[PDB]
Amino acid sequence: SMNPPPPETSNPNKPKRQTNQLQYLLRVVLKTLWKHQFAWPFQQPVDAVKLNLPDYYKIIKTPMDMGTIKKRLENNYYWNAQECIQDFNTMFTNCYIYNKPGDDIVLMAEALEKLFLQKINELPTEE
Ligand SMILES: COc1ccc(Br)cc1-c1nc(N)nc2[nH]cnc12
């Protein structure tokens, strides 16, 4: 054991708002990545116990996953698009930090990240 508590997805102390960019992040970016054949290892927090990765949370100190992101978006947790984009970037970076180039999980992260970059390139101007 043990896993840390997951990242928070609600906090009434955190300022938040809905923006057209955050709506795009949910409706376009997250939906595209979520349906990909390679999304599955990124859809929930790493369970280091079940996966027998005892070093995971010694190495990765700012964990993030698309389950968390989806709930943050659905819960209007974010103040702006940059906060959400930073969560996706943390998710990808963590995978590259923990694993090694050529590992299947890294190939999968790379395929998701490429789609992410393609979709974030068309992030709308703030309304
Ligand atoms: C939720 O994570 C997984 C679920 C099932 C399985 Br099999 C592997 C992972 C996983 N494993 C590793 N080594 N690094 C990761 N980075 C993001 N996912 C992972």
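Counting from 1, the numbers follow the sequence of the chain as shown. All ligand and atom numbering here is 1-based and tracks the order in the structure. Computation of the quantities below employed the complete heavy-atom set of this structure, encompassing side-chain atoms and omitting hydrogens, waters and symmetry-equivalent molecules.
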So if I count the atoms of ligand 1 from 1 in the order they appear, which ones are less than 4.0 Å from some heavy atom of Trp40?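 What qualifies from ligand 1 is 5 (C), 6 (C), 7 (Br).
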Which of the numbered atoms in ligand 1 are under 4.0 angstrom from any heavy atom belonging to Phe42?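 Within the 4.0 Å cut-off of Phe42, ligand 1 contributes 17 (C).
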Residue portion contacting ligand 1 (non-hydrogen atoms closer than 4.0 Å) for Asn94: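 For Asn94, no heavy atom sits under 4.0 Å from ligand 1.
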Classify the contact between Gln44 and ligand 1 as side chain, backbone, both or neither, using a heavy-atom distance cut-off of under 4.0 Å.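 Near ligand 1, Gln44 shows its backbone as well as its side chain.
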Heavy atom to atom 3 (C) of ligand 1, shortest distance: which of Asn52, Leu51, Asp47 holds it?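 It is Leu51 that holds the nearest heavy atom.
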Between ligand 1 and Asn99, is the shortest N or O to N or O distance under 3.5 Å?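 Yes; the residue has a nitrogen or oxygen that sits under 3.5 Å from a nitrogen or oxygen of the ligand.
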Please enumerate all residues that pass ring pair (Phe, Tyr, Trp, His ring centres under 6.0 Å) together with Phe116, with sequence neighbours excluded.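 Result, ring pair (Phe, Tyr, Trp, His ring centres under 6.0 Å) vs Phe116: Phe88, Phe92.
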Holding to ring pair (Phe, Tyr, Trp, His ring centres under 6.0 Å), I want the full list of residues that pass it with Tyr96, two or more places apart in sequence or in another chain.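 Residues passing ring pair (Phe, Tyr, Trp, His ring centres under 6.0 Å) with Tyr96: none at all.
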Any salt bridge linking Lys114 with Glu110? Criterion: basic side-chain nitrogen under 4.0 Å from a carboxylate oxygen.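 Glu110 and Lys114: not salt-bridged.
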Is there side-chain contact between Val46 and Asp65, with heavy atoms separated by less than 4.5 Å?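 Not touching, per the 4.5 Å side-chain cut-off.
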Between the side chains of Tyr56 and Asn3, does any donor sit under 3.5 Å from an acceptor?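 Not at all, the side chains of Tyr56 and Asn3 share no donor-acceptor pair under 3.5 Å.
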